[PDB]
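Shown here: my_file.txt, compact mmCIF, N, CA and C atoms.
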# COMPACT_ATOMS: atom_id res chain seq x y z
N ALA A 1 -65.81 7.78 -34.24
CA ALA A 1 -64.74 7.47 -35.22
C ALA A 1 -64.52 5.96 -35.29
N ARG A 2 -64.40 5.31 -34.17
CA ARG A 2 -64.20 3.84 -34.17
C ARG A 2 -62.84 3.51 -34.80
N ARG A 3 -62.03 4.50 -35.05
CA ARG A 3 -60.70 4.23 -35.66
C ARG A 3 -59.62 4.31 -34.58
N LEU A 4 -58.75 3.34 -34.52
CA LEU A 4 -57.69 3.35 -33.49
C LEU A 4 -56.31 3.41 -34.16
N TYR A 5 -55.32 3.87 -33.45
CA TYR A 5 -53.96 3.95 -34.04
C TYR A 5 -53.07 2.89 -33.39
N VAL A 6 -52.13 2.36 -34.13
CA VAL A 6 -51.22 1.33 -33.55
C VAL A 6 -49.78 1.77 -33.77
N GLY A 7 -48.88 1.35 -32.93
CA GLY A 7 -47.46 1.74 -33.09
C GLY A 7 -46.56 0.52 -32.89
N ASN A 8 -45.30 0.64 -33.19
CA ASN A 8 -44.37 -0.51 -33.03
C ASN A 8 -44.84 -1.62 -33.97
N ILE A 9 -45.51 -1.26 -35.02
CA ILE A 9 -46.00 -2.27 -35.99
C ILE A 9 -45.04 -2.35 -37.18
N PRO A 10 -44.83 -3.55 -37.66
CA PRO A 10 -43.93 -3.81 -38.79
C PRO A 10 -44.62 -3.46 -40.11
N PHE A 11 -44.51 -2.23 -40.55
CA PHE A 11 -45.16 -1.83 -41.83
C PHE A 11 -44.82 -2.86 -42.90
N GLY A 12 -45.49 -2.82 -44.02
CA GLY A 12 -45.22 -3.81 -45.10
C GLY A 12 -46.31 -4.88 -45.06
N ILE A 13 -46.59 -5.39 -43.89
CA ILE A 13 -47.65 -6.42 -43.76
C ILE A 13 -48.91 -5.94 -44.50
N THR A 14 -49.76 -6.84 -44.92
CA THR A 14 -50.98 -6.43 -45.69
C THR A 14 -52.09 -5.98 -44.74
N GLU A 15 -53.28 -5.80 -45.25
CA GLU A 15 -54.40 -5.35 -44.38
C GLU A 15 -55.12 -6.58 -43.80
N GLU A 16 -54.62 -7.75 -44.06
CA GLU A 16 -55.28 -8.98 -43.54
C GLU A 16 -54.71 -9.32 -42.16
N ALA A 17 -53.42 -9.53 -42.08
CA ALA A 17 -52.81 -9.87 -40.76
C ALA A 17 -53.37 -8.96 -39.67
N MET A 18 -52.93 -7.73 -39.63
CA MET A 18 -53.45 -6.79 -38.59
C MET A 18 -54.96 -6.95 -38.45
N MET A 19 -55.68 -6.77 -39.53
CA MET A 19 -57.16 -6.91 -39.46
C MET A 19 -57.53 -8.14 -38.63
N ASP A 20 -57.26 -9.30 -39.15
CA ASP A 20 -57.59 -10.55 -38.40
C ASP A 20 -56.81 -10.61 -37.09
N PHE A 21 -55.86 -9.73 -36.91
CA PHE A 21 -55.06 -9.75 -35.65
C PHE A 21 -55.82 -9.01 -34.54
N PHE A 22 -56.62 -8.04 -34.90
CA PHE A 22 -57.37 -7.28 -33.85
C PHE A 22 -58.74 -7.92 -33.60
N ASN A 23 -59.42 -8.35 -34.63
CA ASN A 23 -60.76 -8.96 -34.41
C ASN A 23 -60.58 -10.39 -33.89
N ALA A 24 -59.64 -11.11 -34.42
CA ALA A 24 -59.42 -12.50 -33.94
C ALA A 24 -59.39 -12.47 -32.41
N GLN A 25 -59.03 -11.36 -31.84
CA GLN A 25 -58.99 -11.25 -30.36
C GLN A 25 -60.39 -10.86 -29.86
N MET A 26 -61.09 -10.09 -30.65
CA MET A 26 -62.46 -9.67 -30.25
C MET A 26 -63.41 -10.87 -30.37
N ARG A 27 -63.07 -11.82 -31.21
CA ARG A 27 -63.94 -13.01 -31.38
C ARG A 27 -63.70 -14.00 -30.23
N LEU A 28 -62.65 -13.81 -29.48
CA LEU A 28 -62.36 -14.73 -28.35
C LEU A 28 -63.65 -15.01 -27.57
N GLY A 29 -63.98 -14.16 -26.64
CA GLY A 29 -65.23 -14.38 -25.84
C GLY A 29 -66.43 -14.43 -26.78
N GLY A 30 -66.31 -13.87 -27.96
CA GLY A 30 -67.45 -13.89 -28.91
C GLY A 30 -68.17 -12.54 -28.86
N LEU A 31 -67.48 -11.48 -29.16
CA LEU A 31 -68.13 -10.14 -29.13
C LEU A 31 -68.90 -9.91 -30.43
N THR A 32 -68.72 -10.77 -31.39
CA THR A 32 -69.45 -10.60 -32.68
C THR A 32 -69.91 -11.97 -33.19
N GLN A 33 -71.15 -12.07 -33.58
CA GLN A 33 -71.66 -13.37 -34.10
C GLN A 33 -72.45 -13.13 -35.38
N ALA A 34 -71.79 -12.67 -36.41
CA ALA A 34 -72.49 -12.41 -37.69
C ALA A 34 -71.68 -13.02 -38.84
N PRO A 35 -72.21 -12.90 -40.03
CA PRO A 35 -71.56 -13.44 -41.24
C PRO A 35 -70.43 -12.51 -41.69
N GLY A 36 -69.50 -12.24 -40.82
CA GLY A 36 -68.36 -11.34 -41.19
C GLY A 36 -67.54 -11.03 -39.94
N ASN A 37 -66.76 -9.98 -39.98
CA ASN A 37 -65.93 -9.63 -38.80
C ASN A 37 -66.27 -8.20 -38.35
N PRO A 38 -65.72 -7.82 -37.23
CA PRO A 38 -65.94 -6.48 -36.65
C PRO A 38 -65.09 -5.44 -37.38
N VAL A 39 -63.80 -5.43 -37.16
CA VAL A 39 -62.94 -4.44 -37.86
C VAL A 39 -63.25 -4.48 -39.35
N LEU A 40 -63.13 -3.37 -40.03
CA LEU A 40 -63.45 -3.37 -41.49
C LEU A 40 -62.29 -2.79 -42.31
N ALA A 41 -61.62 -1.78 -41.83
CA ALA A 41 -60.51 -1.19 -42.62
C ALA A 41 -59.30 -0.90 -41.73
N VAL A 42 -58.28 -1.70 -41.80
CA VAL A 42 -57.07 -1.45 -40.97
C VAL A 42 -55.85 -1.25 -41.87
N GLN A 43 -55.79 -0.13 -42.54
CA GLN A 43 -54.63 0.13 -43.44
C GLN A 43 -53.38 0.39 -42.60
N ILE A 44 -52.22 0.19 -43.17
CA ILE A 44 -50.96 0.43 -42.40
C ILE A 44 -50.31 1.73 -42.90
N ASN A 45 -49.33 2.22 -42.20
CA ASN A 45 -48.66 3.48 -42.63
C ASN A 45 -47.15 3.27 -42.68
N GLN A 46 -46.49 3.89 -43.63
CA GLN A 46 -45.01 3.73 -43.73
C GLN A 46 -44.32 4.79 -42.87
N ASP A 47 -43.15 5.22 -43.26
CA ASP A 47 -42.43 6.26 -42.46
C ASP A 47 -42.15 5.71 -41.05
N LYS A 48 -42.55 6.40 -40.02
CA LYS A 48 -42.30 5.90 -38.64
C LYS A 48 -42.80 4.46 -38.52
N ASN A 49 -43.68 4.06 -39.40
CA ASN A 49 -44.22 2.67 -39.35
C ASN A 49 -45.33 2.59 -38.29
N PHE A 50 -46.56 2.69 -38.72
CA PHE A 50 -47.70 2.62 -37.75
C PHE A 50 -48.93 2.10 -38.49
N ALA A 51 -49.97 1.76 -37.78
CA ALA A 51 -51.18 1.23 -38.47
C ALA A 51 -52.46 1.79 -37.83
N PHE A 52 -53.57 1.61 -38.49
CA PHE A 52 -54.87 2.10 -37.95
C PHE A 52 -55.90 0.99 -38.10
N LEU A 53 -56.87 0.91 -37.23
CA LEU A 53 -57.89 -0.17 -37.36
C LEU A 53 -59.28 0.47 -37.45
N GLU A 54 -59.94 0.30 -38.56
CA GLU A 54 -61.29 0.91 -38.74
C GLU A 54 -62.38 -0.10 -38.39
N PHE A 55 -63.22 0.22 -37.45
CA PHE A 55 -64.31 -0.72 -37.09
C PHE A 55 -65.64 -0.17 -37.59
N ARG A 56 -66.32 -0.91 -38.41
CA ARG A 56 -67.63 -0.43 -38.94
C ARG A 56 -68.75 -0.89 -38.01
N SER A 57 -68.43 -1.61 -36.97
CA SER A 57 -69.49 -2.09 -36.05
C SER A 57 -68.90 -2.49 -34.69
N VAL A 58 -67.71 -3.04 -34.68
CA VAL A 58 -67.10 -3.46 -33.39
C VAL A 58 -67.34 -2.38 -32.32
N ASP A 59 -67.93 -2.75 -31.22
CA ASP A 59 -68.19 -1.75 -30.14
C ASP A 59 -67.08 -1.85 -29.11
N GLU A 60 -65.86 -1.96 -29.56
CA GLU A 60 -64.71 -2.07 -28.62
C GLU A 60 -63.71 -0.95 -28.90
N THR A 61 -64.00 -0.10 -29.85
CA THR A 61 -63.06 1.01 -30.18
C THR A 61 -62.53 1.64 -28.89
N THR A 62 -63.28 1.55 -27.82
CA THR A 62 -62.81 2.16 -26.54
C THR A 62 -61.93 1.17 -25.78
N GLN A 63 -62.32 -0.07 -25.72
CA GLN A 63 -61.50 -1.08 -24.98
C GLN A 63 -60.43 -1.64 -25.91
N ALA A 64 -60.57 -1.46 -27.19
CA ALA A 64 -59.53 -2.00 -28.12
C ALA A 64 -58.15 -1.58 -27.62
N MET A 65 -58.07 -0.44 -26.97
CA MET A 65 -56.76 0.00 -26.44
C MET A 65 -56.23 -1.09 -25.50
N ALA A 66 -57.11 -1.93 -25.04
CA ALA A 66 -56.69 -3.03 -24.12
C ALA A 66 -55.61 -3.87 -24.81
N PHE A 67 -55.67 -4.00 -26.11
CA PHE A 67 -54.63 -4.80 -26.81
C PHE A 67 -53.38 -3.93 -27.00
N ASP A 68 -53.40 -2.73 -26.48
CA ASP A 68 -52.23 -1.83 -26.62
C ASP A 68 -50.94 -2.64 -26.46
N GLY A 69 -50.29 -2.94 -27.56
CA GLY A 69 -49.04 -3.74 -27.49
C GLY A 69 -49.35 -5.18 -27.90
N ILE A 70 -50.02 -5.91 -27.05
CA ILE A 70 -50.38 -7.32 -27.38
C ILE A 70 -49.19 -7.98 -28.12
N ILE A 71 -49.40 -8.65 -29.22
CA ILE A 71 -48.25 -9.28 -29.92
C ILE A 71 -48.56 -9.39 -31.42
N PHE A 72 -47.82 -8.69 -32.23
CA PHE A 72 -48.07 -8.75 -33.70
C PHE A 72 -46.80 -9.19 -34.42
N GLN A 73 -46.90 -10.17 -35.27
CA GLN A 73 -45.69 -10.65 -36.01
C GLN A 73 -44.52 -10.79 -35.03
N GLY A 74 -44.78 -11.26 -33.84
CA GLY A 74 -43.69 -11.42 -32.85
C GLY A 74 -43.02 -10.07 -32.60
N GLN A 75 -43.77 -9.11 -32.13
CA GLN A 75 -43.18 -7.76 -31.87
C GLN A 75 -44.16 -6.92 -31.06
N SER A 76 -43.72 -6.35 -29.97
CA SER A 76 -44.63 -5.51 -29.15
C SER A 76 -45.32 -4.47 -30.03
N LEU A 77 -46.41 -3.92 -29.57
CA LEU A 77 -47.13 -2.90 -30.38
C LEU A 77 -47.40 -1.66 -29.52
N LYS A 78 -48.17 -0.73 -30.02
CA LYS A 78 -48.47 0.49 -29.22
C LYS A 78 -49.73 1.17 -29.78
N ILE A 79 -50.86 0.89 -29.20
CA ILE A 79 -52.12 1.52 -29.69
C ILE A 79 -52.22 2.95 -29.16
N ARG A 80 -52.84 3.83 -29.89
CA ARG A 80 -52.97 5.24 -29.42
C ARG A 80 -54.43 5.69 -29.53
N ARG A 81 -54.71 6.92 -29.20
CA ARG A 81 -56.11 7.43 -29.28
C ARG A 81 -56.17 8.57 -30.30
N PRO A 82 -56.53 8.23 -31.51
CA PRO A 82 -56.64 9.20 -32.61
C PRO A 82 -57.93 10.01 -32.49
N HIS A 83 -58.19 10.55 -31.33
CA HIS A 83 -59.43 11.36 -31.14
C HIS A 83 -59.09 12.70 -30.51
N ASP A 84 -58.08 12.74 -29.67
CA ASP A 84 -57.69 14.02 -29.01
C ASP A 84 -58.94 14.79 -28.60
N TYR A 85 -59.80 14.18 -27.83
CA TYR A 85 -61.05 14.88 -27.40
C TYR A 85 -60.72 15.85 -26.26
N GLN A 86 -61.56 16.82 -26.03
CA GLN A 86 -61.30 17.79 -24.93
C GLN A 86 -59.84 18.24 -24.98
N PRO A 87 -59.60 19.31 -25.69
CA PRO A 87 -58.26 19.88 -25.85
C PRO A 87 -57.86 20.67 -24.60
N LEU A 88 -57.16 20.04 -23.69
CA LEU A 88 -56.74 20.74 -22.45
C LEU A 88 -56.25 22.15 -22.79
N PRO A 89 -57.09 23.12 -22.53
CA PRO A 89 -56.77 24.54 -22.81
C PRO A 89 -55.86 25.10 -21.71
N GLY A 90 -55.35 26.28 -21.90
CA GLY A 90 -54.45 26.88 -20.87
C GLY A 90 -53.28 27.59 -21.55
Show me this structure written as structure tokens.
Amino acid sequence: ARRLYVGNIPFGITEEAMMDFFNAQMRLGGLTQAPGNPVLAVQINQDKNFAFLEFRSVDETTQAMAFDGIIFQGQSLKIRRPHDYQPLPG
């Protein structure tokens, strides 16, 4: 999926801030060196106010949770796992 969920995000912001907000951190050590960026589609959601980050190549969808919270528009955040793999049965 390569898609991650974010929480505690200030909806309203465009798809640029968040977008450049997640990859700008992936470019730190230099996880990507091409004519473009890693994340590709990070649309936001209204209501409870949350966002998603779509990576068409970034191989951090698993560690991206590392930014869980980090700092966006001066406000804590909350990344989640939109995969729900292995449904604990019982």
>> Excluding region 55-60 of chain A and its own-chain neighbours fewer than 3 positions away, which residues fall within 7 Å of it when counting all atoms listed in the file? Please give them as a VMD selection string.
In response: chain A and resid 1 to 4 37 to 42 63 to 65
>> Using DSSP assignments from the backbone, pull out every residue in chain A that falls under alpha helix (DSSP H) and give it to me as a ChimeraX atom specification.
In response: /A:17-26
>> At a cut-off of 7 Å, using all atoms listed in the file, what residues contact residue 14 (chain A)? Leave out same-chain residues fewer than 2 positions from it and give the result as an NGL selection string.
In response: :A and (11-12 or 16-19 or 42-44)
> What gap, in Å, lies between atom C of residue 67 (chain A) and atom N of residue 80 (chain A)?
Replying inline: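 Going from atom C of residue 67 (chain A) over to atom N of residue 80 (chain A) covers 8.3 Å.
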> Could you state the separation of CA of residue 79 (chain A) and CA of residue 36 (chain A) in Å, given to one decimal place?
Replying inline: 23.7 Å
>> DSSP on the backbone, strand (DSSP E or B) only: what residues of chain A does that give? Format it as a list in words.
In response: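 Here are the strand (DSSP E or B) residues of chain A: residues 3, 4, 5, 6, 7, 39, 40, 41, 44, 45, 50, 51, 52, 53, 54, 55 and 80 of chain A.
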> Interatomic distance between atom C of residue 85 (chain A) and CA of residue 7 (chain A)?
Replying inline: 20.5 Å
Could you add N, CA, C and O atoms to region 55-72 of chain A and give me the result as a tab-separated table (two decimals), keeping the file's coordinate frame?
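Result written to part_21.tsv:
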chain	number	residue	atom	x	y	z
A	55	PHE	N	-63.22	0.22	-37.45
A	55	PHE	CA	-64.31	-0.72	-37.09
A	55	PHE	C	-65.64	-0.17	-37.59
A	55	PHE	O	-66.05	0.92	-37.23
A	56	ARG	N	-66.32	-0.91	-38.41
A	56	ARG	CA	-67.63	-0.43	-38.94
A	56	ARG	C	-68.75	-0.89	-38.01
A	56	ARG	O	-69.91	-0.61	-38.24
A	57	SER	N	-68.43	-1.61	-36.97
A	57	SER	CA	-69.49	-2.09	-36.05
A	57	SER	C	-68.90	-2.49	-34.69
A	57	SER	O	-69.52	-2.32	-33.66
A	58	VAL	N	-67.71	-3.04	-34.68
A	58	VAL	CA	-67.10	-3.46	-33.39
A	58	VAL	C	-67.34	-2.38	-32.32
A	58	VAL	O	-66.99	-1.23	-32.50
A	59	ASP	N	-67.93	-2.75	-31.22
A	59	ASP	CA	-68.19	-1.75	-30.14
A	59	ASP	C	-67.08	-1.85	-29.11
A	59	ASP	O	-67.31	-1.84	-27.92
A	60	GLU	N	-65.86	-1.96	-29.56
A	60	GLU	CA	-64.71	-2.07	-28.62
A	60	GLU	C	-63.71	-0.95	-28.90
A	60	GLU	O	-62.68	-0.85	-28.27
A	61	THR	N	-64.00	-0.10	-29.85
A	61	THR	CA	-63.06	1.01	-30.18
A	61	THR	C	-62.53	1.64	-28.89
A	61	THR	O	-61.46	2.22	-28.86
A	62	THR	N	-63.28	1.55	-27.82
A	62	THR	CA	-62.81	2.16	-26.54
A	62	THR	C	-61.93	1.17	-25.78
A	62	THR	O	-60.90	1.53	-25.24
A	63	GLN	N	-62.32	-0.07	-25.72
A	63	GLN	CA	-61.50	-1.08	-24.98
A	63	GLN	C	-60.43	-1.64	-25.91
A	63	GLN	O	-59.47	-2.24	-25.46
A	64	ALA	N	-60.57	-1.46	-27.19
A	64	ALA	CA	-59.53	-2.00	-28.12
A	64	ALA	C	-58.15	-1.58	-27.62
A	64	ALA	O	-57.18	-2.28	-27.79
A	65	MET	N	-58.07	-0.44	-26.97
A	65	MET	CA	-56.76	0.00	-26.44
A	65	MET	C	-56.23	-1.09	-25.50
A	65	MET	O	-55.06	-1.16	-25.20
A	66	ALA	N	-57.11	-1.93	-25.04
A	66	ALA	CA	-56.69	-3.03	-24.12
A	66	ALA	C	-55.61	-3.87	-24.81
A	66	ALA	O	-54.72	-4.39	-24.17
A	67	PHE	N	-55.67	-4.00	-26.11
A	67	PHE	CA	-54.63	-4.80	-26.81
A	67	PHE	C	-53.38	-3.93	-27.00
A	67	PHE	O	-52.42	-4.34	-27.62
A	68	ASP	N	-53.40	-2.73	-26.48
A	68	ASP	CA	-52.23	-1.83	-26.62
A	68	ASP	C	-50.94	-2.64	-26.46
A	68	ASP	O	-50.54	-2.99	-25.37
A	69	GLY	N	-50.29	-2.94	-27.56
A	69	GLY	CA	-49.04	-3.74	-27.49
A	69	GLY	C	-49.35	-5.18	-27.90
A	69	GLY	O	-49.00	-5.61	-28.98
A	70	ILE	N	-50.02	-5.91	-27.05
A	70	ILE	CA	-50.38	-7.32	-27.38
A	70	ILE	C	-49.19	-7.98	-28.12
A	70	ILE	O	-48.06	-7.87	-27.68
A	71	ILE	N	-49.40	-8.65	-29.22
A	71	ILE	CA	-48.25	-9.28	-29.92
A	71	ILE	C	-48.56	-9.39	-31.42
A	71	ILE	O	-49.46	-10.10	-31.83
A	72	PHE	N	-47.82	-8.69	-32.23
A	72	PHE	CA	-48.07	-8.75	-33.70
A	72	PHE	C	-46.80	-9.19	-34.42
A	72	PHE	O	-45.73	-8.65	-34.21
